[PDB]
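Structure 1 and structure 2 below are two forms of the same protein chain, each written out on its own as structure tokens.
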Structure 1
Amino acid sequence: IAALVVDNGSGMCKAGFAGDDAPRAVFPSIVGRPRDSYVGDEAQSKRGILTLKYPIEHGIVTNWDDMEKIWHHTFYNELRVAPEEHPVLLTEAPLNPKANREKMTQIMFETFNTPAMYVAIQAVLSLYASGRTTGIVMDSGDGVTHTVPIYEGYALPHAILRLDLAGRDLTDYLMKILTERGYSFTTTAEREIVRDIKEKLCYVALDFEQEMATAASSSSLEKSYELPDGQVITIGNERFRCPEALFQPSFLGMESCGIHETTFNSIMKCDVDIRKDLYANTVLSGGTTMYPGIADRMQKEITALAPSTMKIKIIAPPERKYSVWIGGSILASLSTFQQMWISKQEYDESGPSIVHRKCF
């Protein structure tokens, strides 16, 4: 009876039931094969002797056998449900290729036999989770930092900007700058350790230059971390130097603009009459937004870029790491949304192309 919600990601898949407040199964989006096949956490235990592939790259699905395997794992192994009995809502990256939408709809209706389903833009769900219909969502995750302006529930494709700058790149940058301090972090397990360090200790400095001056002139920011082997490492300025590769991508050898300038540009590609309601309704989402001080940094940067007489409000929910999935359960539990599902009858009539007319 309950409608499943399956938010997909390059790193982590978040699956649960509508009406809840948090997903019941948040597991890695990986598939491993010997160097049979294993998915997610079961492929996590044998990472040394398995080839871990990421079927979602930069937010867009690239492998479809692997995605079928992940969805089979999500249904028959994580939620312990049968898709034939629930309407399976799904999430798509902004500016998703239409062939990919048709392929996911065909998979839902022809290999899992879901009675109904739907495909929503992840940033639109993140905007819904805050009780909004108009606003710009800065969805920064593990593979891509999308910037999606939305007007009355429609994600304007003429202003959606993409950024190949997300959590994985930040973890690699922290690995590099830890190697630049004498700590050998090159292998995979080193990547997991460095990602844990980044989650636990890193934060976005409100003033990068002043923070570097303070970190060089003192040791108050100097924090400690413990390896699995028992060794204790010490991280100083490197705490606020890793997330800065989102506001200054040149640190990673990228000619991009940074999440703040990407957001301002994506707002500037919009109509002048909806720019006031895009500034004051900036919603942050994704894991790579779970940085202390990132919201105030975004506030200051946008206030610098945006005009000097128009109010700006950066909206960072404490649950923003799940604003997509939350918005997918605030949606798949509404009474009106019960009329938006693509029935198996509608599929059998209109082919996999029904998704273009129903889920727009």
Structure 2
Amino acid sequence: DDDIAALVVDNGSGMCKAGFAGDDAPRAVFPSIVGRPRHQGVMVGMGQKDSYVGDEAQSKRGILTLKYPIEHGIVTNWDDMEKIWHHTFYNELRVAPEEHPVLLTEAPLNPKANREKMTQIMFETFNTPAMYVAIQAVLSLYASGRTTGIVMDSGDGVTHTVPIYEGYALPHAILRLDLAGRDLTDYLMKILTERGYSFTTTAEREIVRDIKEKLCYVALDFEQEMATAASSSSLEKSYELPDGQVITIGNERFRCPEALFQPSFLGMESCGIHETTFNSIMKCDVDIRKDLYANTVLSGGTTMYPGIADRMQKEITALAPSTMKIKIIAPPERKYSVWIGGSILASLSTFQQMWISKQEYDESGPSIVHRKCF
């Protein structure tokens, strides 16, 4: 199938994941950022470009201002998005996006103008023969290898759930939540100031993100952990900064991820992640709820904290009735489960009849996308 070799490209709120259908791991993973210089140059003939995309911006991050083209899964800057797509197709995968149909992903309940503009850029700036837009949670269930269960996806901008029974989706039970990794990073920056550490710039935000994902964990019991931390001092680890200085973090290690289960720490009116998952189940039919309780799939980077699965099981068992058995299925490769399911779907023989052709778009205007792709 080289001819098609569907270039499976995912663009998560925080990262970009591209590759080829049939493989078991993404070829390219890099941050979705665009940087621009903020000082005046004195060296002449240095070959200073006007923009840097991806890992190059993270390297020389001390002299640029970094901007995220995507906020909360909604595009706000379209010039920056075109720059990122050009980087992925030419300088990273080094392929020609004119003979490979492309499969894209999108969160549920997005504005319709998003998919209209996605199709227009792909068919006009590039000449891709076909395209299809799929819900990211459905692709996660493909990777899990099962056709029954409620899926949780939490990336960098959005958190959504969708339960589907024997291949049948219940669109009235889909719930969305605007709590993800970026809110946790801002909260950790705010609460690190009690010990005297002040991080304000965008470059300092990247430093704080690294600290969070290497030293934080979810506590099984929140109140009891505080008493142990207050009494002794064994719950302390040291981190060295990019310039060589040392910081020590105590109860902030588990106080930051706790915001997922108690959103009132940030002052937003919303339910916790455990209650949202339970609320989606209770919106389904009576006769299918038992199979949903025993098939729960976790996905996304924000679900990779240590000890999250045990805490989730404890909370849901307290909510659900005693007789039912609750099982949380968190495979070790759940960080890339969305991409894995996309490759499997594009390699199916029966899927080849649902591509959107170039001819159909030319005759009927850029709306076919809303009715098509289900």
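If you superpose the two forms and keep the largest set of C-alpha atoms that fall within 1.5 Å, you have the rigid core. Residue indices: 1-based, along structure 1.
> Once everything's superposed on the core, is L206 shifted 2 Å or more at the Cα between structures 1 and 2?
Result for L206: no, shift under 2 Å.
> After a rigid core superposition, would you say the CA of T234 moves by 2 angstroms or more between structures 1 and 2, or not?
No, shifts by less than 2 Å.
> Once the core is aligned, please say if the CA of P87 is shifted by at least 2 angstroms between structures 1 and 2.
Where the cores coincide, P87 still shows a C-alpha shift between structures 1 and 2 that is 2 Å or more.
> Once the core is aligned, what is the C-alpha displacement of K344 between structures 1 and 2? Give it in Å to one decimal.
A shift of 4.3 Å.
> Keeping the rigid core fixed, work out how far the Cα of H72 travels between structures 1 and 2, to one decimal in Å.
Spelling it out: core superposed, C-alpha of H72 shifted, distance 3.1 Å.
> After superposing on the rigid core, how much does the Cα of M138 shift between structures 1 and 2, in Å?
With the rigid core fitted, the alpha carbon of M138 is displaced 1.1 Å between structures 1 and 2.
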